[PDB]
Amino acid sequence: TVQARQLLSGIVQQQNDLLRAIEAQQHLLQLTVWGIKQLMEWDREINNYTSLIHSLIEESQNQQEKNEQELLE
Amino acid sequence: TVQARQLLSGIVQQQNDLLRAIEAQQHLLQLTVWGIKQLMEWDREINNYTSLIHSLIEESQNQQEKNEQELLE
Amino acid sequence: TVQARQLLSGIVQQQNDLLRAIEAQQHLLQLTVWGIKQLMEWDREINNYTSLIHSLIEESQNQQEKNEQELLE
Numbered sequence: 003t004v005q006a007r008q009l010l011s012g013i014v015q016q017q018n019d020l021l022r023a024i025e026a027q028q029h030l031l032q033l034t035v036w037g038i039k040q041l052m053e054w055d056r057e058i059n060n061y062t063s064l065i066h067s068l069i070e071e072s073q074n075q076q077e078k079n080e081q082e083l084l085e
Numbered sequence: 003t004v005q006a007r008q009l010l011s012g013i014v015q016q017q018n019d020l021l022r023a024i025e026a027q028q029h030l031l032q033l034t035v036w037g038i039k040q041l052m053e054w055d056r057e058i059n060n061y062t063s064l065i066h067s068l069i070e071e072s073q074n075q076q077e078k079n080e081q082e083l084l085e
Numbered sequence: 003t004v005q006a007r008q009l010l011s012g013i014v015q016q017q018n019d020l021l022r023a024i025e026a027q028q029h030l031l032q033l034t035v036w037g038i039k040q041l052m053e054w055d056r057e058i059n060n061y062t063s064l065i066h067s068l069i070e071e072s073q074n075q076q077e078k079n080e081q082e083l084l085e
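Protein chains in written order, with the deposited numbering: chain A, 3 to 41, 52 to 85; chain A', 3 to 41, 52 to 85; chain A'', 3 to 41, 52 to 85. A prime marks a further copy of an entry chain.
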């Protein structure tokens with residue numbers, strides 16, 4: 003079970019890796035949106061998807077916390 | 003096994019979270035590509061990676077469906 | 003255990019899917035950063061997050077290799 007627990011712990015760890023990666027890429031995307039904005053329908057779609065992504069990120073964080081608590085029990 | 007099944011179900015759920023997050027960020031990236039385009053080698057690389065990412069997204073969706081069916085059995 | 007091993011193998015496979023997806027999206031982001039740059053505080057934040065993301069990607073790759081080796085044992 004110890005080796006069983008270790009793989010699962012590596013998988014849950016990798017999900018946190020991936021989520022942090024996604025979060026960092028969101029910061030970058032918002033930076034480019036800002037650059038493009040410094041230089052309509054586009055504004056509407058930017059907002060709708062930006063809203064969606066932050067919502068998806070929070071839910072991922074919540075699920076990450078649950079998975080790690082479940083793994084620990 | 004019930005608590006075993008629950009962690010795995012949270013992990014598979016988290017992968018769907020992550021995939022949807024990635025998909026949303028793709029919509030955003032395509033929006034910025036569109037803004038930059040409104041304002052060569054760049055066009056070629058945009059197309060090659062855009063093609064790759066949509067292919068990776070579809071394969072991820074296929075694998076997501078399998079994982080969830082396998083979890084249910 | 004065979005069906006057990008298969009789900010876990012699909013999950014680890016899906017993490018590689020997701021990581022490759024994230025990597026491809028990084029190539030795209032860097033392309034748009036390049037387009038915006040062709041057309052200060054912005055430069056500093058771009059660099060700090062670009063650095064973070066490549067670091068997160070390498071660590072994800074390392075963890076991916078471990079997870080797959082652990083799965084195989």
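We put the CB at the ideal spot given by N, CA and C, even for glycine.
Buried or exposed (CB count within 10 angstroms, at least 16 for buried), residue i
i, result
"A:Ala6", "exposed"
"A'':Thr62", "buried"
"A':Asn74", "exposed"
"A'':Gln17", "buried"
"A'':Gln81", "exposed"
Beta-carbon proximity list for residue i, same chain, < 6 Å, skipping 5 on both sides
i, result
"A:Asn79", "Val14"
Inter-residue spacing [alpha-carbon to alpha-carbon] between residue i and residue j
i, j, result
"A:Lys39", "A:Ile65", "19 Å"
"residue 1 of chain A", "A':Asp19", "Since the first residue shown for chain A is 3 and the last is 85, residue 1 of chain A is missing from the structure and cannot be characterised."
"A:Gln8", "A'':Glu53", "42 Å"
"A':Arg56", "A'':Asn60", "27 Å"
"A':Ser11", "A'':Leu41", "47 Å"
"A'':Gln28", "A:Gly37", "17 Å"
"A:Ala26", "A'':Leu30", "14 Å"
"A:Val4", "A'':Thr3", "16 Å"
Own chain, CB closer than 7 Å to residue i, minus 5 neighbours either side, in chain order
i, result
"A:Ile58", "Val35"
"A'':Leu33", "none"
Cβ neighbours of residue i in the same chain (closer than 8 Å, five flanking residues each side left out)
i, result
"A':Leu21", "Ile69, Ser72, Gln73, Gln76"
"A'':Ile24", "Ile69, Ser72"
"A':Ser67", "none"
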